[PDB]
Amino acid sequence: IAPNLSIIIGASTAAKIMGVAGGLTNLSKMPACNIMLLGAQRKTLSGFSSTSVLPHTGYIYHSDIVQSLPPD
RNA sequence: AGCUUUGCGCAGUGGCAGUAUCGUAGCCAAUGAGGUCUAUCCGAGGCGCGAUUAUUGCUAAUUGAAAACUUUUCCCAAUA
Numbered sequence: 215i216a217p218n219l220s221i222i223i224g225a226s227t228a229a230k231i232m233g234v235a236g237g238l239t240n241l242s243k244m245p246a247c248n249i250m251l252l253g254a255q256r257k258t259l260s261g262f263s264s265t266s267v268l269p270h271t272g273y274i275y276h277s278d279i280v281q282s283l284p285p286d
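The structure is reproduced here in structure tokens:
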């Protein structure tokens, strides 16, 4: 169904972003800035700073290629 | 026909700032730069390197000079 998007990112992240976005058409009609925020759980900072909780983070960030980078 | 909006030059007057302005045959960037607020939201340059009195010229003092110093075979000691 989505060969190019499965080539760029793994099919697990592909499925997790396609399901949460409402389908391939809805995800394709979504701005690029709103795709990085798909599946971003509002983790509650437990005393720690907001940066430690990694705010505004979604499937893309936790994908394999992005997680293969230094944290900075 | 007057008035008026925006952009752009050309000038004139005035104010403020000098820890900053400028450069890019370097790289990257609306096919997304860059993200602490408020992020299914913000949207523009950034990075590297180089120049410098932290933009650069003239103008006028002062100093350093510069022009000169005898810029020319002395002394301790020996003998006639």
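With the first sequence counted from 1, adding 214 to any position gets you full-length UniProt numbering.
A virtual CB, placed ideally from N, CA and C, is assigned to each residue, including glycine.
DSSP three-state assignment for residue i, whether helix, strand or coil
i      : result
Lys257 : coil
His270 : coil
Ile222 : helix
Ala216 : coil
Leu252 : coil
Proximal residues to residue i (C-beta, below 7 Å), its chain only, five neighbours per side dropped
i      : result
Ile279 : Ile223
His270 : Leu251 and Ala254
8 Å CB neighbourhood of residue i in its chain, flanking five on each side removed
i      : result
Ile215 : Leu238
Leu259 : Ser266 and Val267
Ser277 : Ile223, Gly224 and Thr227
Reference residue i, options the options, closest by Cα
i      : options                   : result
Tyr275 : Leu241, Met244 and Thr227 : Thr227
Same chain, Cβ closer than 6 Å to residue i, five either side skipped, listed in chain order
i      : result
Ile231 : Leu252 and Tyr273
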